[PDB]
Amino acid sequence: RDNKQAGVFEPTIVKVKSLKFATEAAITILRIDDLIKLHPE
Amino acid sequence: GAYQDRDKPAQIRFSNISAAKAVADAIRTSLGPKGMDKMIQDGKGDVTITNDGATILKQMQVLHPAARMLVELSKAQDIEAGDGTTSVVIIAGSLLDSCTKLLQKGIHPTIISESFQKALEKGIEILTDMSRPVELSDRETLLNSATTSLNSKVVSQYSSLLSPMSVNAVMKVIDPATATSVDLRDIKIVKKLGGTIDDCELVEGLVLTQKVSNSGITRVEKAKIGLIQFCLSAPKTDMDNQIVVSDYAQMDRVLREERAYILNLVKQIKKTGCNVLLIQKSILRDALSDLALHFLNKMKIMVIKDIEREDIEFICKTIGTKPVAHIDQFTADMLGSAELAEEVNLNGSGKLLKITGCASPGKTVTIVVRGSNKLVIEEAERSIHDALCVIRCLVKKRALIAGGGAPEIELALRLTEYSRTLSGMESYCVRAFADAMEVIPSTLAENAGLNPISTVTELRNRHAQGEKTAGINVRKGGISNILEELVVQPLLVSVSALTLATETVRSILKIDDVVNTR
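Protein sequences appear in the order of chains C and W. Residue 32 is where the first sequence starts when you use this note's numbering, and the numbers rise one by one after that. Residue 3 is where the second sequence starts when you use this note's numbering, and the numbers rise one by one after that.
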């Protein structure tokens, strides 16, 4: 349909900040290539 | 001939070498423009991301002592340079590998150490020869050095904006003339969760993580700042004291009179003309009393509690305001002034203090760090600190080297020809030394996904007349003149790396056996 006519709207900052944070998360996690575990004290 | 009776020393040497080499190869991945970071989960339950080697090794709880010496090495390099910690540890690994080769190559370790000393002397001479003197005043070369160090950690994401950040900060904190070793602790780092790393900001001023205590005052203009140490509460002596009540007017005389005392305090404070109050911790005794807060808010004075004693020197350096510890000394002479000071609102409701613009320009400076993940913020601050460190290193020695392993292959070539010239088993030693230096370009090619051996060999062949300007390029995926790709690191970095590694390898060779203790 046309959400503009339907009134289905979202605030811009939602999608903007969402995509930005998602990109940062992807950058952080993707750069991983090894975990090293330590059983506790 | 002479007979070697024992074999325990040789075996323990071998064990140490294998451990060191394994640690080196473990670090080997995280390196260079193509570097890949690691993550360590603490047994406590903490999690960290890191690409810098020193933090990696400090998070390591290494068992075998040799690698603990390696960790210590990395710590020293970081407290000297900031990157190349990866480089210096990888050199250590390669050196010890060639040391193995020389051990089954039957040569006694002491001769190895002496030959290594000759080798490092030749190397330091060559490295000093190859550099390019560079004045501190040229911003763009500084910027190139920055972006060289930066595009190896995660923050290469916003490298383009982070590099001017760091360089401007350092220029504002240095004396551009004395060429001293301007301290990094004069730079304030703020880990503030939320936001975007892009939104990292410089504040030519002062930032306090604490929050306001006045309900009603948020922004103040033309504010005059004053920092006060003596508490604002009922007077409580150093030695034990107590009011005695035995009589009639004692009650109201008390109440009225602590009110009057606090009133005198606040009234003098205003009479100085101040409008923004700073109060340090006084955990030993009473802090700022509530009643005094009431007066101050009534008189419309910006107020802050809980200033850490370690921050006081930084604050007075920055805003240019000597503290006051008694009423009388508090005078309009000492009240500092700043163009603006107020409480910003980020994090939705995570509120922060900024004081921008000061007529008395303190040499110090602060950094605000933004970003989504806590871990990525910590890594970003690590990388920025490394950037400041490398700039300081450049300040220490106004010499510049193109990075990209080209210095190292230069070293390998010159040292190999030097070994060919110099006779004796030390010749074999030095040849091993050059083959050891050969590793860094190999790792660069490997993390670059290029054929390592072919690339290294061709790069040596080029470099036979293709001096240090040429080297391994990431962006083109081949070999070119790196200097024109503007990827340069200060001489001190690799110099310190080589020196530290050489001393540590000599020391390791001195070792023969490990004795368990009580």
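In this text, a Cβ means the ideal position worked out from N, Cα and C, and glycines have one as well.
Paired residues, beta bridge with residue i - DSSP
i                      : result
residue 282 of chain W : W:309
residue 43 of chain W  : W:49
residue 277 of chain W : DSSP output for residue 277 of chain W lists no bridge partner at all.
residue 431 of chain W : Bridge partners of residue 431 of chain W: none, in fact.
residue 352 of chain W : W:348
residue 304 of chain W : W:278
residue 66 of chain C  : W:41
residue 192 of chain W : W:370
residue 203 of chain W : W:370
residue 358 of chain W : W:207
residue 472 of chain W : W:483
residue 134 of chain W : W:402
For residue i, three-class secondary structure by DSSP
i                      : result
residue 221 of chain W : strand
residue 67 of chain W  : helix
residue 491 of chain W : strand
residue 341 of chain W : coil
residue 116 of chain W : helix
residue 15 of chain W  : helix
residue 421 of chain W : helix
residue 226 of chain W : strand
residue 2 of chain W   : What is shown of chain W runs 3 to 520, which leaves residue 2 of chain W out entirely.
residue 384 of chain W : helix
residue 125 of chain W : helix
residue 166 of chain W : helix
residue 482 of chain W : strand
residue 111 of chain W : helix
residue 1 of chain W   : The requested residue 1 of chain W is not part of the displayed model; chain W covers only 3 to 520.
residue 400 of chain W : coil
residue 1 of chain W   : A question about residue 1 of chain W goes unanswered here, because the residues of chain W that appear run from 3 up to 520.
residue 409 of chain W : helix
residue 184 of chain W : coil
residue 172 of chain W : helix
residue 39 of chain C  : coil
residue 214 of chain W : strand
residue 462 of chain W : helix
residue 159 of chain W : helix
residue 260 of chain W : helix
residue 198 of chain W : coil
residue 233 of chain W : coil
Min CB distance residue i to chain C below 9 angstroms
i                      : result
residue 367 of chain W : no
residue 40 of chain W  : yes
residue 252 of chain W : no
residue 216 of chain W : no
residue 347 of chain W : no
residue 156 of chain W : yes
residue 53 of chain W  : yes
residue 92 of chain W  : no
residue 62 of chain W  : yes
residue 31 of chain W  : yes
residue 423 of chain W : no
residue 521 of chain W : A query on residue 521 of chain W cannot be resolved here, the shown segment of chain W reaching from 3 to 520 and no further.
residue 119 of chain W : no
residue 159 of chain W : yes
Contact list for residue i against chain D, beta-carbon separation under 9 angstroms
i                     : result
residue 45 of chain W : Included in the structure are the protein chains C and W, with no chain D among them.
Residue i Cβ short of 8 angstroms to the ligand MG heavy atom set
i                      : result
residue 152 of chain W : In terms of ligand content, the structure shown is empty, and the ligand MG therefore cannot be addressed.
Residue-level contact to chain W via CB, residue i, 9 angstroms cutoff
i                     : result
residue 64 of chain C : yes
Quiz item: Any residues in the region 369–388 of chain W with a beta carbon nearer than 9 angstroms to a beta carbon of chain C? Which ones, in chain order?
Solution: Residues passing the 9 angstroms Cβ filter: 373, 374, 375, 377, 378 and 381.
Checklist entry - Taking a cut of 7 angstroms between CB atoms, which residues from the region 48–59 of chain C lie near chain W? => result For chain W, the residues of the region 48–59 of chain C that bring a beta carbon within less than 7 angstroms of one of its beta carbons are 51, 52, 55, 56, 58 and 59, in chain order.
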